[PDB]
């Protein structure tokens, strides 16, 4: 299982908005693959289907979502589990 981590999300970010930001990425189980980190911190862990999906998500590093630039990182399964 493959994960990316988004950082810099607006307070208002929804799963649907994240899925659309990641439109060209195959997100595992769609909206159900998106996990917002709460304290809502601006981070999310997203399960993606394949290595090429990790690479494509990473191409969105510093792409815009609304009026913000979103950082995109890889994440390990251990990181995603610990954060949720």
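Numbering follows the first chain given and starts at 1.
Peer 1: How many residues that are in the deposited sequence but not in the model lie between residue 39 and residue 40: none, 1 to 3, 4 to 9, or 10 or more?
Peer 2: 4 to 9 residues are missing.
Peer 1: Comparing 4 to 12 with 73 to 81, which stretch shows the greater average C-alpha B-factor in the deposited entry?
Peer 2: For C-alpha atoms only, the mean B-factor is higher in 73 to 81.
Peer 1: Averaging only over Cα atoms, indicate whether 29 to 37 or 42 to 50 has the higher B-factor in the PDB entry.
Peer 2: Higher of the two, by average CA B-factor, is 29 to 37.
Peer 1: Give the position of residue 63 by CA B-factor within its chain, expressed as the lowest, middle or highest third.
Peer 2: Middle third.
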